[PDB]
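Please read the structure below before turning to the comments.
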Amino acid sequence: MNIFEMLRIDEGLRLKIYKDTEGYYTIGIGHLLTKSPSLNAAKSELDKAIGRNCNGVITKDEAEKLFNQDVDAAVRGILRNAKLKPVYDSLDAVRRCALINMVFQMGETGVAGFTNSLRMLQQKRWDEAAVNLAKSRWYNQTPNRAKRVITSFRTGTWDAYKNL
């Protein structure tokens, strides 16, 4: 298992514009298009992102390209972030994947706000961190995905995904 397979399980693949769990316009593998209510604004962002008139629809290939960009940008963002970088550097491979997953879903800023949990991860207090991460809107809103990520941080194995 790798970061790509992990995120592909959590986000799915949709080739037509869709609304995410939060009601936002998305396409492909969790690629947020806009937080704006206008499907029109979404179709415009999409065309800008792909470089063609897509009419709200993309190919598998296009979805995967966007995905490659997003994962890359998620990693670069962590590495550039003063709060995130030190945590990432302290982690093992699997747990690094878990942090990338959170950043891909909620953006750098959102994850950097998990001050206490970040501190516990840095200290390698697995059980305490899992408990703290669960006390969040994130967990209450998308509990099955959050549990999967949390288990990854808790155990340092891919057990939560070997099911799936």
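If you're wondering about the labels, chains in the structure tokens are A, B, ... by order shown, residues count from 1 in each chain, ligands from 1 in order shown.
Of all the residues in chain A, the ones DSSP labels as strand (DSSP E) from the backbone are residues 14, 15, 16, 17, 18, 19, 25, 26, 27, 28, 31, 32, 33 and 34 of chain A.
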Polymer residues at most 12 Å from region 37-48 of chain A, only C-alpha atoms, same-chain spacing of 4 or more positions, as a PyMOL selection string | chain A and resi 15-19+22-28+31-33+52-58+62-63+66
Residue among A:86, A:77, A:51, A:143 lying closest to residue 108 (chain A), counting only C-alpha atoms |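 Ranked by minimum distance to residue 108 (chain A), first place goes to A:77.
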Long-range neighbours of residue 67 (chain A) as a ChimeraX atom specification, 12 Å cut-off, only C-alpha atoms, 2 positions minimum in chain = /A:3-5,7-8,11-14,27-32,49-50,60-65,69-74,104
Nearest-residue call for residue 110 (chain A), choices A:91, A:164, A:145, A:81, using only C-alpha atoms |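 Ranked by minimum distance to residue 110 (chain A), first place goes to A:81.
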What does the distance between CA of residue 155 (chain A) and CA of residue 128 (chain A) come to in Å, to one decimal place?
->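 So the two atoms, CA of residue 155 (chain A) and CA of residue 128 (chain A), lie 12.1 Å apart.
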Separating CA of residue 100 (chain A) from CA of residue 34 (chain A), to the nearest tenth of an Å, is a gap of 21.1 Å
Please identify which residues in region 42-129 of chain A DSSP calls helix (DSSP H, G or I) from the backbone, and express them as a ChimeraX atom specification.
-> /A:42-50,60-80,84-90,93-112,115-122,126-129
In terms of the shortest atom-to-atom distance over only C-alpha atoms, which of A:142, A:1, A:162, A:68 is closest to residue 106 (chain A)?
->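 Smallest separation from residue 106 (chain A) among the options: A:142.
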What separates CA of residue 75 (chain A) and CA of residue 98 (chain A) is a distance of 11.6 Å
Shortest contact to residue 124 (chain A), candidates A:59, A:90, A:21, A:105, atoms counted only C-alpha atoms, goes to A:90
Residue 127 (chain A) surroundings by only C-alpha atoms, 12 Å radius, close-in-sequence under 6 positions cut, as a ChimeraX atom specification = /A:117,120-121,133-134,150-156
Pick out the closest residue to residue 116 (chain A) from this set: A:76, A:137, A:83, A:95. Count only C-alpha atoms.
->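 Nearest to residue 116 (chain A): A:83.
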